[PDB]
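Count residues from 1 along the sequence. Only this structure's heavy atoms are used, side chains among them; waters, hydrogens and symmetry mates stay out.
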Amino acid sequence: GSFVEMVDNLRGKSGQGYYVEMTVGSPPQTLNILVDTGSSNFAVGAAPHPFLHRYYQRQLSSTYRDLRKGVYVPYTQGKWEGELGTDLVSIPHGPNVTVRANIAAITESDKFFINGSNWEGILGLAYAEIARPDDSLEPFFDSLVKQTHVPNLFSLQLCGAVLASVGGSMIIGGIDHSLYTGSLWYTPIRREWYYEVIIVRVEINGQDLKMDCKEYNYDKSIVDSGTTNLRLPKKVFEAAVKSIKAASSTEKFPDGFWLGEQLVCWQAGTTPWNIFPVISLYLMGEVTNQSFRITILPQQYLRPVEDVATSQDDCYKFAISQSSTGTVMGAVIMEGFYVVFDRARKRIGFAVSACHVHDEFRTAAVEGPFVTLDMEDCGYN
Ligand SMILES: CC(F)(F)[C@H]1OC(N)=N[C@](C)(c2cc(NC(=O)c3cnc(OCF)cn3)ccc2F)[C@H]1F
């Protein structure tokens, strides 16, 4: 309940993700590693790509073992290619342990590493089913639990805000009660591949979208620290934006803004947060016919873009976007909440984050219980 050593072990920059310090090999080589609940490989830069502050030098490690197998990982945007091996891995500001983990030594990549970012690898925290090349490549967290007495859970407090610094905590093997207020509320992990969950109802400023709830999870809903946006299925996005436009009628904005094709800027600290509605996702609860509600503010979904050279004003991107891969509860969701990935009990806990950004009128919220019928029908098959 109190893991003081792990508090504040996350760093980052706006729009560049949250990383944790790790060591690989003997003697230990220090690397900054993106915390990613939306993938399942531990994959680290292993060659001098010019964007990289540093990289894993396998020749320097006496504990390195080669698996004599490569892996090619294409994405929608980018790609990486790597060579598989195992080595000793530890987390300096995490549990006092050392595990032998699979490592994909990245040897070629495209549109993967971020120019100007301070991380050199990715820690895939999701399950073996989506590991590359196949489910026999045991993910890091699985090895950690198998090889040690670290309990089968972790929790994330992602704290949003020159690119401004972000931070937070990754509590490995436990929960730190100072990181949230009120109660944790749990939603079932529907299936252990991604951190899959079921959205049961959507509200904009308390106004139900009245869609068939299956649309909310077409073809899945996931919790993903490695995605910035709240990503919504195309039809859900359309209805949500229509409703958000209606709720913020006080001012007009161009169509491009809602599509993330264009920024909107306001003069120095004069953001009309109050014209923008709250957004509420109801998640499947732990018991039959019971749900709970998570609520985020414009402070979560209207994200500052700091690196605009051509403007002297305060510029923002609408960080709700359309998706072909289902709902993605990215940083836009997770920055509102302390999120507990309770792998042992196949569930995910949400609580109001003690570090979430809000104003004097409105706060992010986690509330329940509510009575919701036919919640199983909301899952897609
Ligand atoms: C499916 C997908 F969208 F391509 C990616 O999504 C996830 N979850 N992880 C990967 C391995 C990834 C993730 C990132 N993530 C980020 O750069 C990032 C940036 N800002 C974030 O939050 C706001 F700070 C979160 N993640 C970068 C490169 C990447 F390759 C990809 F699989």
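- Here the closest non-hydrogen pair linking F337 and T295 is CZ-O, 3.5 Å.
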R58 vs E83, salt bridge (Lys or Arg N to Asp or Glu O under 4.0 Å): CA-CA, chis, key distance, verdict: CA-CA 11 Å; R58 284 173 289 169; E83 296 163 10; 2.7 Å; yes
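- How far CH2 of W266 is from CG of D314: 10.0 Å, rounded to the nearest 0.5 Å.
- The shortest distance between side-chain heavy atoms of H53 and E120 falls below 4.5 Å.
- Summarising the local packing, CD of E360 is surrounded by 12 or fewer heavy atoms from other residues, nucleotides or ligands at distances under 6.0 Å.
- Counting only heavy atoms from C-beta outward, the side chains of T148 and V145 never approach each other to under 4.5 Å.
- One finds a salt bridge joining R303 and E335 here, because a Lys/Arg side-chain nitrogen approaches an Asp/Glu carboxylate oxygen to under 4.0 Å.
- Ring pair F318/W258: centre-to-centre distance below 6.0 Å.
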Worked check of salt bridge (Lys or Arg N to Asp or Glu O under 4.0 Å) between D142 and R343: CA-CA 10 Å; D142 295 75; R343 290 158 62 100; 3.0 Å; yes
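- Classification of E129 and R191 as a salt-bridged pair holds, one side-chain N sitting under 4.0 Å from a carboxylate O.
- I122 and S39 make their closest contact through CG2-OG, 4.1 Å (heavy atoms, listed as atom of the first residue, atom of the second, distance).
- With ring centers used as reference points, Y195 lies under 6.0 Å from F341.
- Here the side chains of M211 and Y216 are in contact, with some heavy-atom distance below 4.5 Å.
- A heavy-atom distance below 4.5 Å is found between the side chains of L137 and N41.
- For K220, the NZ atom sits in a packed shell: over 12 heavy atoms of surrounding residues, nucleotides or ligands are nearer than 6.0 Å.
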From CA spacing to verdict: side-chain contact (heavy atoms from CB on, under 4.5 Å), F3, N9: CA-CA 11 Å; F3 294 75; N9 65 359; over 6 Å; no
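- Under a 4.0 Å N-O distance rule, the pair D212/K235 does not qualify as a salt bridge.
- Across all their heavy atoms, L297 and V357 have their closest contact at CD1-O, 4.1 Å.
- Atom CD of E192 has more than 12 heavy atoms from other residues, nucleotides or ligands within 6.0 Å.
- Remark: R347 is positioned above the aromatic ring of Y186, its terminal NZ or CZ atom under 6.0 angstrom from the ring centre and at most 45 degrees off the axis.
- In this structure, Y316 has its ring center under 6.0 Å from that of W273.
- Between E367 and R293 there is a salt bridge, since at least one side-chain N of the basic residue sits less than 4.0 Å from a carboxylate O of the acidic one.
- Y282 has its ring centre less than 6.0 Å from the ring centre of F370.
- A salt bridge is defined here as a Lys NZ or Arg NE, NH1 or NH2 lying under 4.0 Å from an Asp or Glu carboxylate O, and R201 with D208 meets this definition.
- What you find for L184 and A351 is that their closest heavy atoms are CD2-CB, 3.6 Å.
- With respect to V340, the side chain to side chain contact (heavy atoms under 4.5 Å, CB included) criterion is satisfied by exactly one of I171, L179, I348, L153: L153.
- By the 4.5 Å heavy-atom criterion applied to side chains, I279 and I320 are counted as neighbours.
- The heavy-atom pair separating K346 from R190 by the smallest distance is NZ-O, 4.2 Å.
- A salt bridge does not link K79 with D110: none of the charged nitrogens is closer than 4.0 Å to a carboxylate oxygen.
- Taking each heavy atom of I175 and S155 in turn, the nearest pair found is CA-OG, 3.9 Å.
- Taking the six-membered ring for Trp and the full ring otherwise, the centers of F253 and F276 sit less than 6.0 Å from each other.
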Test side-chain contact (heavy atoms from CB on, under 4.5 Å) applied to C213 and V200, step by step: CA-CA 6 Å; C213 66; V200 124; 5.7 Å; no
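- In this structure, the separation between CD1 on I244 and CD1 on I275 is 11.5 Å, given to the nearest 0.5 Å.
- Atom CG of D134 has more than 12 heavy atoms from other residues, nucleotides or ligands within 6.0 Å.
- In this structure, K245 pairs ionically with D255, as a charged nitrogen and a carboxylate oxygen lie closer than 4.0 Å.
- Between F154 and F141, the gap from one ring centroid to the other is short of 6.0 Å.
- The closest side-chain donor-acceptor pair between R54 and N32 falls under 3.5 angstrom.
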Quiz: residues 85-93 side-chain donor-acceptor pairs under 3.5 angstrom, not counting sequence neighbours:
unit_1, atom_1, unit_2, atom_2, d
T86, OG1, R100, NH1, 2.8
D87, OD1, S61, OG, 3.2
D87, OD1, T63, OG1, 2.7
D87, OD1, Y64, N, 3.4
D87, OD2, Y56, OH, 2.5
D87, OD2, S61, OG, 2.7
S90, OG, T23, OG1, 2.9

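- Side chain of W119 to backbone of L52: no donor-acceptor contact under 3.5 angstrom is found.
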